[PDB]
Structures are given as C-alpha cells and as structure tokens.
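Next up: a single chain in structure tokens, the form deposited in one PDB entry.
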C-alpha cells in the first residue's frame, strides 16, 4: 500500500514528497503540474535511534563530499566504498577495519537511512538567553511577564548565560552580578547603534561578560531584579501612546551578542506590550488619534511607517541570522504590536512568534513555558545554528527552499539555475530549529535531452543537518532517500500512483503563500487555479466536453477539496484579519509539518451525538445539526458548538440532574478532547465555547478571469469539472 509507504518514509526520514516515483525526463515532469518537491523535517522525533558517537565519513571528491550511506556499494575485502552520488571510490578509515558483509557500520544499514552523528568539535559552548523586555504596559501585564520570565530562568541549564535588557522611552542594558549597587547602561531609544559602537560604548573587547552570565551564578540577583522591575516611569499624556523604542532595543540586543558571542547558539527573546512608537523600527504614531495601519491602509499606500519600519527589522534579521542567533517575539497587547514589520526576525532566524491579548493570560503563560519543553533526558528540545546541505543525484537539481531559513549562497552542481523561494544554494542556515521545524525543498529534473538513459535505477537525495544540540553537544543529522525513476511514456501509471495529494497540496500552498508576499497580487488565486485545472486534465478520468464524466482516482480525489479550502483561507485572503494576524498565521504555516499544515488549510470538524462515537464530519453547514455537538479544530483555535436542541437541554439544566448521567457526559466528551489539544499543541490555540444563536457562532459559520469566487465546494467542483474536460 502506497499509504503505508508514505507513512513509513515520513516516520523514518521525516520526509514527504509530492511524488514518490519521478519522471526520468524534464519535459514530462514539467507537464506533471506539481513539481518534485518534499516537505522536510530535519530533527523529526526518533527515540528508536541511538546517537552513535563518531565522525560521519565523507566522499573524497571535493565537489561531492556526501555522507557514507546505505546506497553506497561496499567492497569489504578491499576496504572500499563507492559514493552513490558521484561514484568516486573511497577508502574507509582505519577504525573501520573489522567492517564485513555481516558486521557492517550502522550508517550502511537501511534501518539507519537517517542517523545522528556526534561531532567532536571542541568549543562546548553554553546556551545564551537574552531577555529584551518592554516596560510600557499595565502593572498586571508586566507583573505576569515578570513571573513567566522567572519560570523560564529556572528551567535554564546552570551553564547557560543569561542577559537582561529592559526598555521603554530609553533602552537599558543591565550589568548583572554587579552586587551592592546594581547598574545599567542607558541609551536614547531614539537612535540606532552598530554592534561596534555598542562594543566600544559598553566597553567590551573584540570577539562570560558583565552582561551575559551563568544561570547558576546570577539566579539570585537576576530573579531579584526581575522581581523589582517596574513599568517605564515617564508618564503618558492623554490621547497619547507610550514612547516604546522596540526597534532600538532589538538593535542594541542583536549588537550586544554580535560583539560578544557571535556564531553560537543563543535566543534573543523580546517581549512587547504594544507597537514601537519611537523609530528606527517605529511602527506608528504616538497620538492615539491615528489607528495602527490596516491591510486596507497599507494597500491605499496610507501606511507611512510600514516600509521604513520593516526595512529596519529586516536588516536586524539578516545580521542575527548571519551571526547565528535566534530572535523570538512575544507580542501581547489589546491591539497590533507591529508583527508585520518585525516578522522577518523570527521568520528568517528560526525564532518564535507569539501573539496574545495580555501576558496575564493562561493563553500566553502556557505557550511560553511550552517553549522550554524538555526531552526524555531533561534537555530542551532546541537546536541551534543548524546548517542544512542537500546533495542530489546528477539527474536532479535544487530549485530552492521555503521555510524558516536563510541562504548560505553555496553554489554547486546540485543548484539549479531556475530557482524557487530561497534558492541559488545547496546550503541554508537555520539558527533556531526544533523537532517540528519543517522546510519545503523544491527539486527540478535534469536529463533535459528528453529520451536519455533511464538507467541507473533510482535517483537519490541526501540531507545533512549540523547543529548545536541544547546539550552543548555538536551534531550532524544525516538522511538519504531514494525513489524510483520511471519512463512516463510507459509508466504514467506507476508515476500517478505515487502522488501524495496531502503533501502536494501543502507544498503548493507554500509556493502560493511565498508568492503572496512577493511582488505578486491576487494573480495567486489565478495561478493556483490554473494549476488545479491542469492537474485534473492530466490525471483525471473523463471524456472531452462531458463534465458529468469527470472523476478522480482516490489518489487525487482530495486535492481539489484542499485547494478549495486554501484559496478561501486567511492565508491568501488577508482582508479580514489585521496585518499582524496575517503575519502570525503565515509564520506558523510555513513552519509546520504536513499533518498540522493540513489542519491549518482545512479545519477538522468532529461531531458528537448520543447516536454513536465522535466521527469527523464534512466542513459543511450540513454537518451542523440540532442534536449534535461540534468540535472544530483549526490549528489556531479549538471551537465547540452546541446545536439548538442540545443548547436548550443545557440552558435548561438537565446536566446536573442525576437522571441525565449521559447527557452530562455528552456535554463533557468534546470538552475533554479539547483539553488534550490545549496542552499538546504548541502555540496554544484560542478556545471558544458557543452554541446555536450564540454571539460567537460566527467563528464556526464563517469557517464553514478567476476559477471562481466565494462560493460552495460543490459549485466550485462544478465550474472545475467543466473546465477540466474542455
């Protein structure tokens, strides 16, 4: 079963392709509509695997350098192995001597396609956590934040260096450990500073400090300071917003680590309570009279900050990414904080983006502590300054990648001229990554001269991810995968069967959304639809000009429905959310694995009823019944909807009565499953408990030339069916 194949290969290699059988020619692949792409998770959970301790072993050819893997042929009685990527003959290292057909090195076992090595680098660095705190918020808020901060500080490894920077009208860089007096360096929150200027001003050398010190050495002091922290003194006049130098504080923090611990794992964590009002990075005026830019404002070109403000953060983002540091943004305010302009920082460095109404909410507190989740060995499930390299067989080339990363612009034979997303490279830097971090790598078939050697068997791709494990341990994660080549003029079938509609869907949504940012407007829906049609035309069963005859193999049948939900999703239809929300959703979707990605594109709706166990039901109004309870799970929120009948039974009180044991259960059933998700899911979803005619039914109802408009899946399928056949 292909479904087992898909599952098995994702569980083993944290990989998922659009096609699992590739076209031996560039032409037929071009007209295969969905490109040979893969959703790739470099640190996919895999406890069944030992971290085998030793160097990886690489091909001796300089331009190749692949990692010895199960695809390489081995001549034991001659201590040689042939690189499956460039055929180069290679010798084994001395310690391998014993190697034999029946007792071979792990890296060569299929079970170990995907294995982790333990580099003996040398500099065992401690993790660095830099808190960049905003102080312009109500005491309730700042107090909660202060508490959340203390909590994290207690989860940090004793060797981890911690640094504190607070800001408001001005920016303060706290010198910790400094006992008896407690001091700090203050800068105008009105003007920038280079990592140099700051190094000089704060009086630091070149390349622990008084600013970043041991957790097991500062604990007391820092927790005291954190606790004594009070909101920005400078009073705010009526009709005005606080003077918050968010943009400068970040710049000072980025620079602080740039001149102290460059090129090494570290999280710059900036918590904000409102928008930056005193540039650079300024996001909006200080006079309440003016509302923060909207999606309409920004389109009517009536957003005078957006461009400058974003230009600022982008620069910071690239510095930090280039210095190998992560930037997180925890924005909690009743109104926009400027995420849209700041998005590139957590988007480019593998950082987190967390939205909220206030830090004094379970929503936030919960989310923030999930950030410091420990693994089975009490180590953060964090990875730092990862470097991802991807080798391909000579018949394949790398178009580009889409997801949390930055290009290392490493040219080579594997890179393709025609680039997609972050392309022109075979190497990307992912400063911050987790077991969930997933990237989208687009490939391009090469063998252009149409009818050439189909021979060689399969094509292969290798993924090498080096990173600094939270443990301080340096590591290299290696994955090598191979899929069979096929002659499309004799195997269209064997190829079409390999389609992975779910993956394909997401992969395309990723390209569609990447464009949505790019200089491209609503021509997205346009291109997306054009493709859907082309796919139906090449892989659908049908007689020309006979819509009623159109039918899809069960291998494709859901692709159409996926697109249907994508094109009408908040991911491409921004105008119903704030520029900030829009950025927040896109941030998470371009990260997520195939599973979560799907829920994000097409919410799951389960129905509960006295008549049978909970069963997923169509994301249609038809699914909304009077005697049924619904649990709609988009990724960002969990909603429970009580149908009319059940709403009355519930407003009537039957639940308390001992006679209606079951009813009381029914009401609870969906609530219980929402509790699990409300812990398991990382960005903790917003919760909603509504019912027939509730003020919040809206949240459910709403979720339930151009190829079409805001219509129904049926109409959509109709207009679709007819265009596919002509």
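Positions refer to the first chain, counted from 1. C-alpha atoms forming the largest set that superposes within 1.5 Å between two forms make up the rigid core. Shifts are known only where both forms have a C-alpha.
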{"property": "Between residue 151 and residue 152 - deposited residues without coordinates, as a size class", "result": "none"}
{"property": "Deposited residues lacking coordinates between residue 704 and residue 705 (none, 1 to 3, 4 to 9, 10 or more)", "result": "10 or more"}
{"property": "Selected stretch [higher average CA B-factor]: 420-428 or 119-127", "result": "119-127"}
{"property": "Stretch exceeding the other in mean C-alpha B-factor - 618-626, 477-485", "result": "618-626"}
{"property": "Selection from 386, 110, 346, 177 [criterion: highest C-alpha temperature factor in the record]", "result": "177"}
{"property": "Residue of maximum C-alpha B factor among 693, 658, 70, 42, per deposited coordinates", "result": "658"}
{"property": "Chain-relative CA temperature factor third for residue 652", "result": "highest"}
{"property": "Ranked against its chain, the third holding the CA B-factor of residue 352", "result": "lowest"}
{"property": "Residue 49 by Cα B-factor - lowest, middle or highest third of the modelled chain", "result": "highest"}
{"property": "Residue 76 - Cα temperature factor, lowest/middle/highest third of chain", "result": "highest"}
{"property": "Entry-reported Cα temperature factor of residue 671, expressed as the chain third it lands in", "result": "middle"}
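What comes next is about the form deposited in another entry, which does not appear here.
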| item | value |
| --- | --- |
| Conformational change between this form and the one not shown, one of 487, 419, 581, 147, C-alpha moving 2 Å or more after core fit | 487 |
| Core-referenced shifts between this form and the one not shown - contiguous stretches of at least three, CA at least 2 Å | 29-32, 46-48, 100-102, 487-491 |
